[PDB]
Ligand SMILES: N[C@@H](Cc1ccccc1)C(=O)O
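Starting off, we have a lone chain in the form solved without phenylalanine (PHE), written out as structure tokens.
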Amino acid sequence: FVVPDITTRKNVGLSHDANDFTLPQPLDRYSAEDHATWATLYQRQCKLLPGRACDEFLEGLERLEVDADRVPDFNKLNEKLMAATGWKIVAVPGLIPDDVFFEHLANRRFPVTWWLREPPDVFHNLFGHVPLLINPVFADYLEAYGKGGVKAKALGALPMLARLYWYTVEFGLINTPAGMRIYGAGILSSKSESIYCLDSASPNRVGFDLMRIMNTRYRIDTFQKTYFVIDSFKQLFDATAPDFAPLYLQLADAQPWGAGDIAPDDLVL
């Protein structure tokens, strides 16, 4: 049997723009159970993340006044985000087409799935992804990433950018004098990957390298086998400076690294 998935079920009776896929945040659809689920997830992550999340992340939660006890009102959050870096969040139904996603980031809009899991949802997207948007260097990286979507689409290279996004914005680590810390949203919203990625001898921790990353496969249904480590958000922004077109064409011919591979030139940590 095939039953409707959570995206389908949650969006019953709702609409979205056929071109940009946004909708007003449907506040009336959040039940008491939704707010309680949010509060439980927020409490869980805030207990586990000190000394694991990068300090900027935890500061962003506070500066944006991300609600601890209910699903946040996007408009209220936007008042703080806009004043900090000129970014805003927009509600979307769930996963959206790549060219739409890139167009949003290129215009300093961060798409956030509106609905919550039952006890890539609103907790993952808002709690995991949004706090670092108050950091001007990280925000500029996302904008530059977005702006690259047009060229990538024209060259059939969106999956090569998707690898960069996955291994930075979703699953990135940042080294600090106090020890390795986490900035990837997929880790920051996770119950246990937050532990494994810092504490386990199992995964590879490899120094950030743009070409290497864009040549690296990833898998979505398991903890990462490789994490890429930056020294600064400036390293991410600076990585977007050159022309990606000849990088894409070089990679198009190559065999990608597997998700668990170590490459000959890796700086291994």
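Residue indices: 1-based, along the sequence shown.
Beyond what is shown, the protein has a form solved in complex with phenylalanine (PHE); the following relates to that form.
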Residue among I220, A32, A201, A241 with a heavy atom within 4.5 Å of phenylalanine (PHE) in the deposited complex: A241
Interface residue in the deposited complex among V137, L164, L77, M180, criterion: non-hydrogen atom within 4.5 angstroms of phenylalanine (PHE): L164
Any non-hydrogen atom of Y141 within 4.5 angstroms of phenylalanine (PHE) in the deposited complex: yes
Exercise: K151 in contact with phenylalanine (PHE) in the deposited complex, heavy atom 4.5 Å: yes
Partner contact for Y145 in the deposited complex: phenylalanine (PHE), 4.5 angstroms, heavy atom: yes
Stretch in contact, per heavy atom within 4.5 angstroms of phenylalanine (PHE) in the deposited complex, of 56-64, 24-32, 233-241, 40-48: 233-241
